[PDB]
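A.B. asks: Pasting start_3.cif below, which is mmCIF, C-alpha atoms.
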```cif
data_upload
#
loop_
_atom_site.group_PDB
_atom_site.id
_atom_site.type_symbol
_atom_site.label_atom_id
_atom_site.label_comp_id
_atom_site.auth_asym_id
_atom_site.auth_seq_id
_atom_site.Cartn_x
_atom_site.Cartn_y
_atom_site.Cartn_z
ATOM 1 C CA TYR E 1 -103.445 -54.798 -12.994
ATOM 2 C CA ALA E 2 -106.243 -52.460 -11.845
ATOM 3 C CA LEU E 3 -107.194 -55.017 -9.200
ATOM 4 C CA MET E 4 -103.560 -55.083 -8.035
ATOM 5 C CA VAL E 5 -103.228 -51.255 -7.959
ATOM 6 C CA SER E 6 -105.399 -51.075 -4.821
ATOM 7 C CA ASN E 7 -102.955 -53.292 -2.916
ATOM 8 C CA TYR E 8 -99.862 -51.600 -4.361
ATOM 9 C CA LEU E 9 -100.897 -48.110 -3.209
ATOM 10 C CA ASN E 10 -101.261 -48.881 0.501
ATOM 11 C CA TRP E 11 -98.185 -51.129 0.367
ATOM 12 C CA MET E 12 -96.183 -48.178 -0.993
ATOM 13 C CA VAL E 13 -97.462 -45.708 1.607
ATOM 14 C CA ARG E 14 -96.987 -48.032 4.606
ATOM 15 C CA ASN E 15 -93.486 -49.018 3.482
ATOM 16 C CA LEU E 16 -92.636 -45.343 2.889
ATOM 17 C CA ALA E 17 -93.667 -44.438 6.449
ATOM 18 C CA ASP E 18 -91.656 -47.367 7.833
ATOM 19 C CA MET E 19 -88.736 -46.309 5.620
ATOM 20 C CA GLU E 20 -88.685 -42.741 6.961
ATOM 21 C CA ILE E 21 -88.938 -44.034 10.553
ATOM 22 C CA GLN E 22 -85.972 -46.345 9.946
ATOM 23 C CA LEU E 23 -83.989 -43.674 8.050
ATOM 24 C CA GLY E 24 -84.167 -41.557 11.192
ATOM 25 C CA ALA E 25 -81.730 -44.133 12.607
ATOM 26 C CA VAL E 26 -79.102 -43.616 9.891
ATOM 27 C CA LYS E 27 -79.653 -39.861 10.263
ATOM 28 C CA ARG E 28 -78.739 -40.209 13.951
ATOM 29 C CA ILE E 29 -75.750 -42.399 13.012
ATOM 30 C CA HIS E 30 -74.382 -39.741 10.649
ATOM 31 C CA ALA E 31 -75.127 -37.031 13.233
ATOM 32 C CA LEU E 32 -72.935 -38.930 15.697
ATOM 33 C CA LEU E 33 -70.419 -39.366 12.859
ATOM 34 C CA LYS E 34 -70.202 -35.564 12.619
ATOM 35 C CA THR E 35 -68.569 -35.347 16.069
ATOM 36 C CA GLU E 36 -65.159 -33.699 15.805
ATOM 37 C CA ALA E 37 -62.017 -35.804 16.155
ATOM 38 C CA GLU E 38 -58.840 -34.941 18.034
ATOM 39 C CA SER E 39 -55.698 -34.832 15.908
ATOM 40 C CA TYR E 40 -53.388 -37.798 16.512
ATOM 41 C CA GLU E 41 -50.764 -37.043 13.842
ATOM 42 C CA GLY E 42 -48.578 -34.757 15.954
ATOM 43 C CA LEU E 43 -46.740 -31.687 14.682
ATOM 44 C CA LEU E 44 -43.369 -32.991 15.891
ATOM 45 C CA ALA E 45 -41.560 -35.286 13.468
ATOM 46 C CA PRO E 46 -41.817 -38.950 14.584
ATOM 47 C CA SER E 47 -38.127 -39.590 13.850
ATOM 48 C CA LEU E 48 -37.055 -36.513 15.845
ATOM 49 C CA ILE E 49 -38.676 -38.051 18.950
ATOM 50 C CA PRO E 50 -36.091 -40.089 20.911
ATOM 51 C CA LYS E 51 -36.447 -43.859 21.088
ATOM 52 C CA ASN E 52 -37.048 -43.750 24.844
ATOM 53 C CA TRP E 53 -39.237 -41.315 26.777
ATOM 54 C CA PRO E 54 -39.504 -40.210 30.444
ATOM 55 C CA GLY E 55 -38.773 -37.332 34.518
ATOM 56 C CA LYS E 56 -38.226 -33.562 34.428
ATOM 57 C CA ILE E 57 -41.220 -31.347 33.618
ATOM 58 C CA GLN E 58 -41.239 -27.613 32.879
ATOM 59 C CA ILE E 59 -44.463 -25.594 33.035
ATOM 60 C CA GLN E 60 -44.447 -22.023 31.693
ATOM 61 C CA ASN E 61 -47.528 -19.769 32.064
ATOM 62 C CA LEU E 62 -49.949 -22.692 31.829
ATOM 63 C CA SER E 63 -53.656 -21.909 31.654
ATOM 64 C CA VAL E 64 -56.160 -24.560 30.604
ATOM 65 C CA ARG E 65 -59.893 -24.788 29.934
ATOM 66 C CA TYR E 66 -62.427 -27.454 29.012
ATOM 67 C CA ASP E 67 -64.221 -25.388 26.351
ATOM 68 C CA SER E 68 -63.184 -22.166 24.639
ATOM 69 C CA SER E 69 -66.239 -20.442 26.151
ATOM 70 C CA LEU E 70 -65.468 -21.323 29.756
ATOM 71 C CA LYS E 71 -63.701 -19.798 32.734
ATOM 72 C CA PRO E 72 -60.125 -21.142 33.003
ATOM 73 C CA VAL E 73 -59.762 -23.819 35.674
ATOM 74 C CA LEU E 74 -56.034 -22.990 35.807
ATOM 75 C CA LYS E 75 -54.701 -19.446 35.406
ATOM 76 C CA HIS E 76 -51.012 -18.689 34.695
ATOM 77 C CA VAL E 77 -49.675 -21.905 36.218
ATOM 78 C CA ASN E 78 -45.867 -21.801 36.237
ATOM 79 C CA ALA E 79 -43.643 -24.398 37.922
ATOM 80 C CA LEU E 80 -40.415 -26.357 37.359
ATOM 81 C CA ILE E 81 -40.056 -29.982 38.483
ATOM 82 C CA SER E 82 -36.652 -31.614 38.948
ATOM 83 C CA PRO E 83 -36.040 -35.147 37.596
ATOM 84 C CA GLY E 84 -36.894 -37.882 40.075
ATOM 85 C CA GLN E 85 -38.396 -35.644 42.752
ATOM 86 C CA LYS E 86 -41.802 -36.225 44.336
ATOM 87 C CA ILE E 87 -44.525 -33.587 43.970
ATOM 88 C CA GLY E 88 -47.674 -33.445 46.075
ATOM 89 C CA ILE E 89 -50.472 -31.372 44.555
ATOM 90 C CA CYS E 90 -53.161 -30.108 46.928
ATOM 91 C CA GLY E 91 -55.917 -27.539 46.730
ATOM 92 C CA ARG E 92 -59.424 -26.644 47.780
ATOM 93 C CA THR E 93 -62.243 -28.521 46.057
ATOM 94 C CA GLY E 94 -63.339 -26.309 43.172
ATOM 95 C CA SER E 95 -59.913 -24.768 42.476
ATOM 96 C CA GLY E 96 -59.433 -26.926 39.364
ATOM 97 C CA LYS E 97 -56.562 -29.024 40.714
ATOM 98 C CA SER E 98 -57.869 -32.111 38.885
ATOM 99 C CA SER E 99 -57.237 -30.559 35.455
ATOM 100 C CA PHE E 100 -53.541 -30.199 36.348
ATOM 101 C CA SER E 101 -53.081 -33.965 35.952
ATOM 102 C CA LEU E 102 -55.002 -33.965 32.655
ATOM 103 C CA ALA E 103 -52.838 -31.103 31.338
ATOM 104 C CA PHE E 104 -49.956 -33.538 30.764
ATOM 105 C CA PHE E 105 -52.136 -35.670 28.446
ATOM 106 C CA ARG E 106 -53.540 -32.759 26.347
ATOM 107 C CA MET E 107 -57.110 -33.539 27.418
ATOM 108 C CA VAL E 108 -57.716 -29.870 28.289
ATOM 109 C CA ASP E 109 -57.544 -26.810 26.045
ATOM 110 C CA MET E 110 -54.030 -25.384 26.455
ATOM 111 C CA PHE E 111 -54.994 -22.007 25.018
ATOM 112 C CA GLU E 112 -51.776 -20.528 26.429
ATOM 113 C CA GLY E 113 -48.609 -21.876 28.004
ATOM 114 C CA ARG E 114 -46.196 -24.679 27.218
ATOM 115 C CA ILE E 115 -45.375 -27.975 28.947
ATOM 116 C CA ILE E 116 -41.706 -28.697 28.207
ATOM 117 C CA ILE E 117 -40.871 -32.274 29.229
ATOM 118 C CA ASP E 118 -37.177 -33.158 28.763
ATOM 119 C CA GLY E 119 -36.771 -30.342 26.250
ATOM 120 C CA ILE E 120 -39.786 -31.444 24.173
ATOM 121 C CA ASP E 121 -43.216 -29.811 24.227
ATOM 122 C CA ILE E 122 -46.133 -32.216 24.524
ATOM 123 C CA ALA E 123 -48.302 -30.104 22.190
ATOM 124 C CA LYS E 124 -45.990 -30.774 19.240
ATOM 125 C CA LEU E 125 -45.906 -34.492 20.090
ATOM 126 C CA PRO E 126 -48.480 -37.040 18.855
ATOM 127 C CA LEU E 127 -51.196 -38.037 21.313
ATOM 128 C CA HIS E 128 -50.451 -41.774 21.047
ATOM 129 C CA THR E 129 -46.755 -41.311 21.865
ATOM 130 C CA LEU E 130 -47.570 -38.882 24.709
ATOM 131 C CA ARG E 131 -50.241 -41.056 26.325
ATOM 132 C CA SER E 132 -48.195 -44.248 25.809
ATOM 133 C CA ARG E 133 -45.269 -43.071 27.992
ATOM 134 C CA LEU E 134 -47.062 -41.398 30.924
ATOM 135 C CA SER E 135 -48.689 -43.208 33.848
ATOM 136 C CA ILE E 136 -51.860 -42.019 35.556
ATOM 137 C CA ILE E 137 -54.365 -43.373 38.104
ATOM 138 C CA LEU E 138 -57.787 -41.805 38.715
ATOM 139 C CA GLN E 139 -60.429 -42.019 41.461
ATOM 140 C CA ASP E 140 -62.355 -45.156 40.555
ATOM 141 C CA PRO E 141 -60.724 -48.438 39.465
ATOM 142 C CA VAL E 142 -61.930 -49.395 35.987
ATOM 143 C CA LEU E 143 -61.308 -53.093 35.310
ATOM 144 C CA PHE E 144 -62.156 -54.554 31.908
ATOM 145 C CA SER E 145 -63.497 -58.009 31.095
ATOM 146 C CA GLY E 146 -60.827 -60.538 30.162
ATOM 147 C CA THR E 147 -57.707 -62.083 31.637
ATOM 148 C CA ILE E 148 -55.114 -60.438 33.877
ATOM 149 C CA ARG E 149 -52.878 -60.504 30.787
ATOM 150 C CA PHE E 150 -55.447 -58.358 28.985
ATOM 151 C CA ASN E 151 -56.012 -56.003 31.919
ATOM 152 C CA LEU E 152 -52.327 -55.516 32.746
ATOM 153 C CA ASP E 153 -50.695 -55.674 29.274
ATOM 154 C CA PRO E 154 -53.441 -55.710 26.598
ATOM 155 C CA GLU E 155 -51.000 -54.996 23.755
ATOM 156 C CA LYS E 156 -48.817 -57.951 24.911
ATOM 157 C CA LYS E 157 -45.724 -55.739 24.667
ATOM 158 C CA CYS E 158 -44.190 -57.145 27.879
ATOM 159 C CA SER E 159 -43.370 -60.774 28.599
ATOM 160 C CA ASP E 160 -45.165 -62.720 31.327
ATOM 161 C CA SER E 161 -42.031 -62.851 33.500
ATOM 162 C CA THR E 162 -41.939 -59.054 33.279
ATOM 163 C CA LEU E 163 -45.600 -59.036 34.387
ATOM 164 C CA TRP E 164 -44.953 -61.238 37.450
ATOM 165 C CA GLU E 165 -42.880 -58.685 39.401
ATOM 166 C CA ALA E 166 -45.241 -55.932 38.227
ATOM 167 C CA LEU E 167 -48.037 -57.905 39.879
ATOM 168 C CA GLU E 168 -45.798 -58.495 42.929
ATOM 169 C CA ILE E 169 -45.580 -54.728 43.540
ATOM 170 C CA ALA E 170 -49.368 -54.490 43.954
ATOM 171 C CA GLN E 171 -49.276 -57.258 46.651
ATOM 172 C CA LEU E 172 -52.059 -59.094 44.768
ATOM 173 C CA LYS E 173 -49.847 -62.073 43.885
ATOM 174 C CA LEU E 174 -51.314 -64.100 46.762
ATOM 175 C CA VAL E 175 -54.821 -63.582 45.349
ATOM 176 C CA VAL E 176 -53.831 -64.023 41.688
ATOM 177 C CA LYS E 177 -51.785 -67.174 42.344
ATOM 178 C CA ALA E 178 -54.643 -68.421 44.547
ATOM 179 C CA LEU E 179 -57.158 -67.672 41.771
ATOM 180 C CA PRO E 180 -58.273 -70.789 39.835
ATOM 181 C CA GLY E 181 -57.040 -69.522 36.464
ATOM 182 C CA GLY E 182 -53.506 -68.741 37.601
ATOM 183 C CA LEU E 183 -52.621 -65.460 35.949
ATOM 184 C CA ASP E 184 -55.319 -66.306 33.367
ATOM 185 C CA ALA E 185 -58.079 -65.561 35.904
ATOM 186 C CA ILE E 186 -61.057 -63.866 34.265
ATOM 187 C CA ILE E 187 -61.978 -60.398 35.517
ATOM 188 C CA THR E 188 -65.729 -59.784 35.293
ATOM 189 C CA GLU E 189 -67.418 -56.535 34.207
ATOM 190 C CA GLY E 190 -65.844 -53.850 36.373
ATOM 191 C CA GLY E 191 -63.978 -56.383 38.512
ATOM 192 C CA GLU E 192 -66.956 -57.387 40.667
ATOM 193 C CA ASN E 193 -65.044 -60.490 41.832
ATOM 194 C CA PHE E 194 -62.534 -58.249 43.659
ATOM 195 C CA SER E 195 -62.932 -55.736 46.465
ATOM 196 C CA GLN E 196 -62.550 -52.002 45.802
ATOM 197 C CA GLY E 197 -59.020 -51.780 47.189
ATOM 198 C CA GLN E 198 -58.035 -54.875 45.208
ATOM 199 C CA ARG E 199 -59.285 -53.245 41.992
ATOM 200 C CA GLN E 200 -57.288 -50.094 42.780
ATOM 201 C CA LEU E 201 -54.147 -52.174 43.402
ATOM 202 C CA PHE E 202 -54.790 -53.845 40.030
ATOM 203 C CA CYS E 203 -54.829 -50.362 38.482
ATOM 204 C CA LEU E 204 -51.519 -49.518 40.193
ATOM 205 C CA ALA E 205 -49.759 -52.607 38.806
ATOM 206 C CA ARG E 206 -51.384 -51.843 35.446
ATOM 207 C CA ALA E 207 -49.709 -48.430 35.500
ATOM 208 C CA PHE E 208 -46.357 -49.924 36.561
ATOM 209 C CA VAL E 209 -46.326 -52.275 33.530
ATOM 210 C CA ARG E 210 -45.617 -49.358 31.144
ATOM 211 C CA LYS E 211 -42.377 -48.636 33.104
ATOM 212 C CA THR E 212 -41.968 -44.873 32.786
ATOM 213 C CA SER E 213 -40.438 -42.429 35.242
ATOM 214 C CA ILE E 214 -43.272 -39.876 35.119
ATOM 215 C CA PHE E 215 -45.840 -41.396 37.502
ATOM 216 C CA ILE E 216 -48.917 -39.225 38.077
ATOM 217 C CA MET E 217 -51.005 -40.397 41.050
ATOM 218 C CA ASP E 218 -54.273 -38.458 40.677
ATOM 219 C CA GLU E 219 -56.100 -38.985 43.997
ATOM 220 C CA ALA E 220 -55.822 -42.776 44.075
ATOM 221 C CA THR E 221 -55.856 -42.911 47.890
ATOM 222 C CA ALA E 222 -59.219 -41.134 48.237
ATOM 223 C CA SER E 223 -61.469 -44.120 47.448
ATOM 224 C CA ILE E 224 -59.352 -46.624 49.417
ATOM 225 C CA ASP E 225 -59.316 -47.483 53.131
ATOM 226 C CA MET E 226 -56.397 -46.173 55.184
ATOM 227 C CA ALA E 227 -54.936 -49.565 56.166
ATOM 228 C CA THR E 228 -54.483 -50.619 52.542
ATOM 229 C CA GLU E 229 -53.618 -47.007 51.649
ATOM 230 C CA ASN E 230 -50.477 -46.927 53.814
ATOM 231 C CA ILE E 231 -48.962 -50.154 52.449
ATOM 232 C CA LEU E 232 -50.029 -49.051 48.950
ATOM 233 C CA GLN E 233 -48.260 -45.699 49.351
ATOM 234 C CA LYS E 234 -45.044 -47.196 50.729
ATOM 235 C CA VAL E 235 -44.874 -49.790 47.945
ATOM 236 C CA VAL E 236 -45.534 -46.975 45.441
ATOM 237 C CA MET E 237 -42.619 -44.993 46.878
ATOM 238 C CA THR E 238 -40.318 -48.028 46.768
ATOM 239 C CA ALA E 239 -41.458 -49.057 43.272
ATOM 240 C CA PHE E 240 -41.035 -45.530 41.842
ATOM 241 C CA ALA E 241 -37.780 -44.341 43.422
ATOM 242 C CA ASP E 242 -35.974 -43.129 40.295
ATOM 243 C CA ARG E 243 -39.429 -42.466 38.823
ATOM 244 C CA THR E 244 -40.772 -38.905 39.075
ATOM 245 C CA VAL E 245 -44.000 -38.927 41.091
ATOM 246 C CA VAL E 246 -46.373 -35.988 40.594
ATOM 247 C CA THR E 247 -49.159 -36.713 43.089
ATOM 248 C CA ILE E 248 -52.461 -34.882 42.818
ATOM 249 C CA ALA E 249 -54.144 -35.732 46.114
ATOM 250 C CA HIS E 250 -57.313 -34.508 47.792
ATOM 251 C CA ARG E 251 -55.954 -35.085 51.321
ATOM 252 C CA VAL E 252 -52.683 -33.489 52.413
ATOM 253 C CA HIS E 253 -51.643 -36.153 54.951
ATOM 254 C CA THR E 254 -50.649 -38.451 52.080
ATOM 255 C CA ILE E 255 -48.425 -35.806 50.455
ATOM 256 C CA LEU E 256 -46.851 -34.723 53.756
ATOM 257 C CA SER E 257 -43.827 -36.819 52.698
ATOM 258 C CA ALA E 258 -43.503 -35.308 49.205
ATOM 259 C CA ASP E 259 -40.479 -33.204 48.281
ATOM 260 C CA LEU E 260 -42.612 -30.227 47.190
ATOM 261 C CA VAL E 261 -46.237 -29.281 47.864
ATOM 262 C CA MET E 262 -48.138 -26.983 45.494
ATOM 263 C CA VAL E 263 -51.222 -25.162 46.806
ATOM 264 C CA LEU E 264 -53.851 -24.052 44.288
ATOM 265 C CA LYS E 265 -56.517 -21.408 44.937
ATOM 266 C CA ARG E 266 -58.842 -20.584 42.008
ATOM 267 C CA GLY E 267 -56.267 -21.685 39.438
ATOM 268 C CA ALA E 268 -53.254 -19.884 40.943
ATOM 269 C CA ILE E 269 -50.177 -21.360 42.637
ATOM 270 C CA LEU E 270 -50.139 -19.832 46.123
ATOM 271 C CA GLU E 271 -47.300 -21.892 47.610
ATOM 272 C CA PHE E 272 -44.489 -23.794 45.857
ATOM 273 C CA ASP E 273 -41.996 -25.123 48.419
ATOM 274 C CA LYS E 274 -41.208 -28.115 50.618
ATOM 275 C CA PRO E 275 -43.810 -29.235 53.206
ATOM 276 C CA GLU E 276 -41.490 -28.618 56.181
ATOM 277 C CA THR E 277 -40.907 -24.913 55.486
ATOM 278 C CA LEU E 278 -44.545 -24.592 54.384
ATOM 279 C CA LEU E 279 -45.805 -26.117 57.647
ATOM 280 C CA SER E 280 -43.439 -23.847 59.592
ATOM 281 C CA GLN E 281 -45.577 -20.850 58.593
ATOM 282 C CA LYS E 282 -48.703 -20.441 60.721
ATOM 283 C CA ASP E 283 -50.662 -18.444 58.121
ATOM 284 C CA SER E 284 -49.960 -20.849 55.242
ATOM 285 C CA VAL E 285 -53.067 -22.395 53.684
ATOM 286 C CA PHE E 286 -51.404 -25.829 53.572
ATOM 287 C CA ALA E 287 -51.051 -25.654 57.363
ATOM 288 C CA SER E 288 -54.809 -25.048 57.574
ATOM 289 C CA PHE E 289 -55.334 -28.053 55.284
ATOM 290 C CA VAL E 290 -53.190 -30.255 57.546
ATOM 291 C CA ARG E 291 -54.816 -28.997 60.764
ATOM 292 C CA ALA E 292 -58.340 -29.275 59.326
#
```
Please render this file's structure as structure tokens.
C.D. replies:
Amino acid sequence: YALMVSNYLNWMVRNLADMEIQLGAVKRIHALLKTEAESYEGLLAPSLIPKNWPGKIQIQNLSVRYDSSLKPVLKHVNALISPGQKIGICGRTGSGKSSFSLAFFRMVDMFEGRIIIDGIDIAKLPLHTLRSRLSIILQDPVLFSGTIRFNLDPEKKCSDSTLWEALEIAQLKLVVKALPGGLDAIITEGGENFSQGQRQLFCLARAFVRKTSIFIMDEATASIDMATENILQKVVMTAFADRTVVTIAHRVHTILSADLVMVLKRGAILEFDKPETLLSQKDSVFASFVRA
């Protein structure tokens, strides 16, 4: 045993050093486990929520942040939106107009204000129910690996025949029917087998599949060429007629046809009226946006 002690000592010390090096990994795992979690329960009673959900949206003294210790990107935002009408949001880059779209999904700190949608505040509502009944499209098209069934309706809540017309709206049915897999064509990582505009049109049909009236179009036209942008916009307007379209757009020429245009400067609503009367004024900032 005394002969074996000399081996056992260095075995113990080397394995102890390796053990502490490897326990650093589980320390990092628990440190990432200590990240705070958003509440998904919802203060509103699940049975009190109606079976179907939206297009009217009421905004009362909204002001949102990203952190508690941060300057508010929006300051005392207050606006009423009629059901079914089309809203074109514009503002200078750096005025925090992008957070206005995220305010409807409770992804920003609503430290004051209240978003009343069809008589129901979103803050009381669960996050899953809120984010399951609102449509939204961002700058870049994020396509996930799998079939067009998985990209368009991953939960398989809608039938395939319901998916066919949804794909028809995006004008990609020629490509998808021409694809070797039929509708079972495999999208690669990020949709590298499609062009950029094609991926964005995929995202549009993906948003149509949920079939809600509130359709938020957060600067989808910015990354897409104008020729595809025009046919995309007209098929959006036809596909979402009864649907309420709140369009956050970086360029005002797209939202020239909206019912109302909101102009944001440093988190404040300068102008809330129709584009015709707004463009009538020479000193209006939206007129400067259109001219420049």
A.B. asks: Residues near region 211-213 of chain E, anyone? I mean within 12 Å using all atoms listed in the file, not counting same-chain ones fewer than 5 positions away, as JSON, numbers by chain.
C.D. replies: {"E": [52, 53, 54, 55, 56, 57, 83, 84, 85, 86, 117, 118, 130, 131, 132, 133, 134, 135, 136, 153, 157, 158, 162, 163, 165, 166, 204, 205, 206, 239, 240, 241, 242, 243, 244, 245, 246]}
A.B. asks: Quick one: apply the PyMOL selection byres ((chain E and resi 79) around 10) to the file and drop the selected residues here as a PyMOL selection string.
C.D. replies: chain E and resi 57-62+76-78+80-81+115+262+269+272
A.B. asks: Figure out the distance between CA of residue 210 (chain E) and CA of residue 156 (chain E), please, to one decimal in Å.
C.D. replies: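 Distance reported for this atom pair: 11.1 Å.
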A.B. asks: If we count only C-alpha atoms, what is near residue 271 (chain E) at a cut-off of 8 Å, once residues fewer than 6 positions away on the same chain are taken out, given as a VMD selection string?
C.D. replies: chain E and resid 261 to 264 278
A.B. asks: Can you turn the PyMOL selection byres ((chain E and resi 110) around 7) into a concrete residue list for this file, as a PyMOL selection string?
C.D. replies: chain E and resi 63-65+108-109+111-113
A.B. asks: For the selection you just gave me, I'd like the residues written to a file as a short mmCIF file (atom, residue, chain, number, x, y, z; two decimals), in the frame of the given file, keeping C-alpha atoms.
C.D. replies:
```cif
data_model
loop_
_atom_site.label_atom_id
_atom_site.label_comp_id
_atom_site.auth_asym_id
_atom_site.auth_seq_id
_atom_site.Cartn_x
_atom_site.Cartn_y
_atom_site.Cartn_z
CA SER E 63 -53.66 -21.91 31.65
CA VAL E 64 -56.16 -24.56 30.60
CA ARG E 65 -59.89 -24.79 29.93
CA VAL E 108 -57.72 -29.87 28.29
CA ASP E 109 -57.54 -26.81 26.04
CA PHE E 111 -54.99 -22.01 25.02
CA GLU E 112 -51.78 -20.53 26.43
CA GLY E 113 -48.61 -21.88 28.00
#
```
A.B. asks: So, with only C-alpha atoms as the atoms that count, which of E:202, E:42, E:197, E:247 lies closest to residue 228 (chain E)?
C.D. replies: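 Under the stated criterion, the closest residue is E:197.
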A.B. asks: For region 96-105 of chain E, please output as an MDAnalysis selection string all residues within 7 Å (counting all atoms listed in the file; exclusion window: fewer than 4 positions along the same chain).
C.D. replies: chainID E and resid 73:74 91 130:131 218 248 264 266:267
A.B. asks: Let me have the centre and edge lengths of the axis-aligned box enclosing all listed atoms of region 18-30 of chain E with 4 Å padding on every side, in Å to one decimal, as lines of an AutoDock Vina configuration file.
C.D. replies:
```
center_x = -83.0
center_y = -43.6
center_z = 9.8
size_x = 25.3
size_y = 15.6
size_z = 16.3
```
A.B. asks: Check which residues satisfy the PyMOL selection byres ((chain E and resi 256-260) around 6) in the file shown, then give them as a JSON list (two decimals) with C-alpha atoms, in the coordinates of the input.
C.D. replies:
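As written to disk, part.json reads:
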```
[["chain", "number", "residue", "atom", "x", "y", "z"],
["E", 86, "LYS", "CA", -41.80, -36.22, 44.34],
["E", 87, "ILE", "CA", -44.52, -33.59, 43.97],
["E", 88, "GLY", "CA", -47.67, -33.44, 46.08],
["E", 253, "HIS", "CA", -51.64, -36.15, 54.95],
["E", 254, "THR", "CA", -50.65, -38.45, 52.08],
["E", 255, "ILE", "CA", -48.42, -35.81, 50.46],
["E", 261, "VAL", "CA", -46.24, -29.28, 47.86],
["E", 273, "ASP", "CA", -42.00, -25.12, 48.42],
["E", 274, "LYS", "CA", -41.21, -28.12, 50.62]]
```
A.B. asks: Counting all atoms listed in the file, figure out which residue out of E:47, E:124, E:13, E:169 gets nearest to residue 231 (chain E).
C.D. replies: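 Checking each candidate against residue 231 (chain E), we get E:169 as the closest.
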A.B. asks: Considering all atoms listed in the file, return as an MDAnalysis selection string whatever protein or nucleic-acid residues lie within 12 Å of residue 201 (chain E), sequence-local ones (same chain, fewer than 4 positions apart) excluded.
C.D. replies: chainID E and resid 137:138 140:143 152 166:173 175:176 191 194:197 205:208 220:221 223:225 228:229 231:233 235:236
A.B. asks: Under the rule that only C-alpha atoms are counted, which of E:89, E:126, E:270, E:286 is the nearest residue to residue 217 (chain E)?
C.D. replies: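 Nearest candidate to residue 217 (chain E) out of E:89, E:126, E:270, E:286: E:89.
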A.B. asks: Which is closest to residue 179 (chain E) among E:48, E:1, E:209, E:148, if we use all atoms listed in the file?
C.D. replies: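 Closest to residue 179 (chain E) of all the choices is E:148.
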A.B. asks: Provide the CA of residue 106 (chain E) to CA of residue 123 (chain E) distance in Å, to one decimal place.
C.D. replies: 7.2 Å
A.B. asks: E:139, E:129, E:161, E:238: which is nearest residue 222 (chain E), counting all atoms listed in the file?
C.D. replies: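 Looking only at the distances to residue 222 (chain E), the closest residue turns out to be E:139.
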A.B. asks: Determine, counting all atoms listed in the file, which protein, DNA and RNA residues have an atom within 10 Å of an atom of residue 147 (chain E); residues of the same chain fewer than 5 positions away are not included. Present the result as JSON, numbers by chain.
C.D. replies: {"E": [152, 153, 154, 181, 182, 183, 184, 185, 186, 187, 188]}
A.B. asks: In Å, rounded to a single decimal, give me how far CA of residue 252 (chain E) is from CA of residue 94 (chain E).
C.D. replies: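 Calculated distance between CA of residue 94 (chain E) and CA of residue 252 (chain E) is 15.8 Å.
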